[PDB]
Chemist: 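One structure follows; several queries about it will come next.
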Amino acid sequence: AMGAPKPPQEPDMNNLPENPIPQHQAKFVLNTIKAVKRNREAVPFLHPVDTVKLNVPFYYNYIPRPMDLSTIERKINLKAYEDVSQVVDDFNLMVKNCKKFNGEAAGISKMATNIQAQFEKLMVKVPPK
Ligand SMILES: CN1C(=O)c2ccccc2Sc2cc(NC(=O)[C@@H]3CCCO3)ccc21
């Protein structure tokens, strides 16, 4: 049995905002994401979930909006965010996707929670708008 196809990759390069996040904030969040990427518990979240490699045919039926650290980093670099809260939203989406599919009690979900904790701690220092 086949499941749903992989959604189009983000960002939609066709709907960027003309007023992205100022460079000072964007530079801070980019450095924050790179810091998370160096976390050893971030390894599974570096790249998009590979539903064929992981043999989870229905992953996209349950997770219609996948997210991962490389997509967040690309959305910052390509100027796709309008507000730092959207960065936090995408990080939360990555974590919620993981818990939704794998269950709150799975090891991978604990790793998701741990890198979310690091991310939030770093974000405490984000410069104002
Ligand atoms: C977050 N997440 C998952 O949410 C996920 C989704 C479905 C099935 C298993 C998992 S654990 C998981 C594993 C990898 N990657 C690996 O385990 C690597 C690549 C294949 C085996 O080592 C990447 C993402 C991921």
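In what follows, every heavy atom counts, from backbone to side chain, and hydrogens, waters and symmetry copies are set aside. Count residues from 1 along the sequence.
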Chemist: Report yes if some heavy atom in the side chain of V49 is under 4.5 Å from a heavy atom in the side chain of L54; otherwise report no.
Modeler: yes
Chemist: Does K27 reach the side chain of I76, with side-chain heavy atoms less than 4.5 Å apart?
Modeler: no
Chemist: Say whether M67 and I63 are linked into one hydrophobic cluster, either directly or through other cluster members, by side-chain heavy-atom distances under 4.5 angstrom.
Modeler: no
Chemist: Between the side chains of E82 and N19, does any donor sit under 3.5 Å from an acceptor?
Modeler: no
Chemist: Would you say that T71 contacts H47 through its side chain, given a criterion of any heavy-atom pair below 4.5 Å between the two side chains?
Modeler: no
Chemist: Quick one: which residue pairs count as a ring pair (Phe, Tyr, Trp, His ring centres under 6.0 Å) with a foot in residues 17-38, not counting sequence neighbours?
Modeler: none
Chemist: Grab the two heavy atoms, one from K129 and one from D83, that are nearest each other, plus how far apart they are.
Modeler: NZ-OD1, 3.4 Å
Chemist: Are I72 and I108 grouped together when hydrophobic residues (ILVMFWY) are joined by side-chain heavy atoms under 4.5 angstrom apart?
Modeler: yes
Chemist: Hydrogens and angles aside, do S70 and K37 bring a side-chain donor and acceptor to less than 3.5 Å of each other?
Modeler: no
Chemist: Please check if any side-chain donor atom of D90 sits under 3.5 Å from a side-chain acceptor atom of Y81, or the reverse.
Modeler: yes
Chemist: Run the numbers on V88 and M123 for side chain to side chain contact (heavy atoms under 4.5 Å, CB included), then give the verdict.
Modeler: CA-CA 9 Å; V88 175; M123 286 298 295; 4.1 Å; yes
Chemist: Okay, side chain of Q25, backbone of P127: is any donor-acceptor separation there less than 3.5 Å?
Modeler: yes
Chemist: What verdict does the side chain to side chain contact (heavy atoms under 4.5 Å, CB included) test give for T113 and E104, after you've listed the backbone C-alpha separation in whole Å, the side-chain angles of each residue and the deciding distance to 0.1 Å?
Modeler: CA-CA 9 Å; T113 303; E104 279 185 349; over 6 Å; no
Chemist: Check whether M111 and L93 end up in the same hydrophobic cluster, where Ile, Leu, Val, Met, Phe, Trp and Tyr are linked by side-chain heavy atoms less than 4.5 Å apart.
Modeler: yes
Chemist: So, taking the atom named NZ in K79 and the one named CG in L16, what distance separates them when rounded to the nearest 0.5 Å?
Modeler: 10.0 Å
Chemist: Verify, without hydrogens or angle tests, whether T32 (side chain) and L122 (backbone) share a donor-acceptor contact under 3.5 angstrom.
Modeler: no
Chemist: Step by step, would you call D68 with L46 a side chain to side chain contact (heavy atoms under 4.5 Å, CB included)?
Modeler: CA-CA 6 Å; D68 70 282; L46 291 174; over 6 Å; no
Chemist: If only atom types and distance count, is the side chain of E73 paired as donor or acceptor with the main-chain N or O of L69 below 3.5 Å?
Modeler: no
Chemist: Could you pull out the closest heavy-atom pair between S109 and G103, with the gap in Å?
Modeler: OG-O, 2.7 Å
Chemist: Between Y60 and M94, is there shared hydrophobic-cluster membership here, with clusters defined by ILVMFWY side-chain heavy atoms closer than 4.5 Å?
Modeler: no
Chemist: Quick one: side chains of residues 4-14, donor-acceptor pairs under 3.5 Å with protein atoms, not counting sequence neighbours, listed by atom name and distance.
Modeler:
unit_1	atom_1	unit_2	atom_2	d
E10	OE1	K75	NZ	2.8
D12	OD1	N14	N	3.1

Chemist: Would you find more than 12 non-hydrogen atoms of other residues, nucleotides or ligands less than 6.0 Å from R65 atom CZ?
Modeler: no
Chemist: Take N77 and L30, measure what side chain to side chain contact (heavy atoms under 4.5 Å, CB included) needs, and give me the verdict at the end.
Modeler: CA-CA 8 Å; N77 278 333; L30 170 65; 3.8 Å; yes
Chemist: Which pairs pass ring pair (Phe, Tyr, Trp, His ring centres under 6.0 Å) with one or both residues in residues 88-129, sequence neighbours excluded?
Modeler: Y59-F101, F91-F119
Chemist: Could you give the distance from CD1 (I115) to CD (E120), rounded to the nearest 0.5 Å?
Modeler: 11.0 Å
Chemist: Just wondering, more than 12 heavy atoms not from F58 lying within 6.0 Å of its CZ?
Modeler: yes
